[PDB]
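I have placed the structure first, in the form of structure tokens, so that the comments after it can refer back to it.
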Amino acid sequence: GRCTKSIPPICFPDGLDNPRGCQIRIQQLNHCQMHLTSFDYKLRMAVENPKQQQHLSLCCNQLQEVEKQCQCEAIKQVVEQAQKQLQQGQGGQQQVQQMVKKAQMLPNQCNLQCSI
């Protein structure tokens with residue numbers, strides 16, 4: 001539940017506000033994860049083309065249905081699962097780095113209560 005920032009902490013029987021243990025389902029981040037770890041094919045000149053950002057329109061729209069404080073937490077989840085999946089595969093983290101770093105900007109882009 002919710003707990004106050006004091007000692008003794010006052011913990012509530014329910015907690016809509018839970019920014020310490022925000023639970024975001026990783027399966028909703030499968031898109032963010034894949035869109036960051038995958039250097040997709042239609043990306044020929046991936047600089048400024050509206051259809052490129054479709055993946056963000058989908059991810060930002062999915063994460064925003066999660067709690068306001070957990071929206072940015074969802075992004076952390078992406079990083080953790082994305083780095084692990086590429087590492088367990090073959091590597092990629094070094095090349096994927098330029099894409100996964102966009103996730104750090106994701107809270108900024110989607111205007112989430114976080115900025116990393």
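Chain labels run A, B, ... following the order of the structure tokens; each chain numbers its residues from 1, and ligands are numbered from 1 in the order shown.
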
Q: Could you find all residues in chain A that DSSP calls helix (DSSP H, G or I) from the backbone, and write them as JSON, numbers by chain?
A: {"A": [30, 31, 32, 33, 34, 35, 36, 37, 50, 51, 52, 53, 54, 55, 56, 57, 58, 59, 60, 61, 62, 63, 73, 74, 75, 76, 77, 78, 79, 80, 81, 82, 83, 84, 85, 86, 87, 88, 89, 93, 94, 95, 96, 97, 98, 99, 100, 102, 103, 104, 105, 106, 107, 108, 109]}

Q: Find the residues near range 15-26 of chain A: any atom within 6 Å, counting only C-alpha atoms, skip ones fewer than 6 places away on the same chain, and give them as a list in words.
A: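 Returned residues: residues 1, 2, 69, 70 and 74 of chain A.
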
Put those residues in a file: N, CA, C and O atoms, as a PDB file, in the first residue's frame.
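So the final result, stored in selection-v1.pdb, reads:
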```
ATOM      1  N   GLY A   1       0.823  -1.204   0.000  1.00  0.00           N
ATOM      2  CA  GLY A   1       0.000   0.000   0.000  1.00  0.00           C
ATOM      3  C   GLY A   1       0.852   1.246   0.000  1.00  0.00           C
ATOM      4  O   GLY A   1       2.086   1.164  -0.080  1.00  0.00           O
ATOM      5  N   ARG A   2       0.215   2.399   0.079  1.00  0.00           N
ATOM      6  CA  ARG A   2       0.931   3.677   0.108  1.00  0.00           C
ATOM      7  C   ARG A   2       1.521   3.901   1.452  1.00  0.00           C
ATOM      8  O   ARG A   2       0.901   3.584   2.446  1.00  0.00           O
ATOM      9  N   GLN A  69       2.565   7.616 -12.691  1.00  0.00           N
ATOM     10  CA  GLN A  69       3.898   7.570 -12.126  1.00  0.00           C
ATOM     11  C   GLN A  69       4.641   6.326 -12.622  1.00  0.00           C
ATOM     12  O   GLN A  69       5.862   6.282 -12.650  1.00  0.00           O
ATOM     13  N   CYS A  70       3.887   5.357 -13.068  1.00  0.00           N
ATOM     14  CA  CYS A  70       4.419   4.081 -13.478  1.00  0.00           C
ATOM     15  C   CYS A  70       4.653   4.054 -14.977  1.00  0.00           C
ATOM     16  O   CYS A  70       5.254   3.128 -15.505  1.00  0.00           O
ATOM     17  N   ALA A  74       7.579   1.926 -16.680  1.00  0.00           N
ATOM     18  CA  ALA A  74       7.380   0.988 -17.768  1.00  0.00           C
ATOM     19  C   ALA A  74       8.570   1.001 -18.702  1.00  0.00           C
ATOM     20  O   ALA A  74       8.951  -0.019 -19.265  1.00  0.00           O
TER      21      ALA A  74
END
```

Q.
So that I can see what lies close to range 102-106 of chain A, please list as a PyMOL selection string the residues with an atom at most 8 Å from it, counting only C-alpha atoms and leaving out residues fewer than 4 positions away in the same chain.
A. chain A and resi 36+60+72+75+78-79+98+110-112+115-116

(Q) I need the residue nearest residue 58 in chain A from this list: A:38, A:30, A:73, A:46. Use only C-alpha atoms for the distance. (A) A:30

Q. CA of residue 81 in chain A and CA of residue 99 in chain A are how many Å apart?
A.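 So the answer is 14.1 Å.
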
Q.
Please compute the CA of residue 97 in chain A-CA of residue 63 in chain A distance, one decimal, in Å.
A.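 CA of residue 63 in chain A lies 21.5 Å from CA of residue 97 in chain A.
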
Q | Selected residue of minimal separation from residue 96 in chain A among A:49, A:83, A:57, A:4, counting only C-alpha atoms | A | A:83

Q. In Å, how far is it from CA of residue 84 in chain A to CA of residue 56 in chain A?
A.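 About the pair CA of residue 84 in chain A and CA of residue 56 in chain A: they are 21.0 Å apart.
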
Q. Given the choices A:44, A:100, A:10, A:93, which gets closest to residue 76 in chain A if the distance is worked out from only C-alpha atoms?
A.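 Closest to residue 76 in chain A of all the choices is A:100.
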
Q.
Restricting the calculation to only C-alpha atoms: of A:94, A:28, A:6, A:108, which residue gets closest to residue 62 in chain A?
A.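 Result for the nearest residue to residue 62 in chain A: A:28.
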
(Q) So, with only C-alpha atoms as the atoms that count, which of A:71, A:52, A:64, A:37 lies closest to residue 87 in chain A? (A)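 With only C-alpha atoms as the atom set, the closest residue is A:37.
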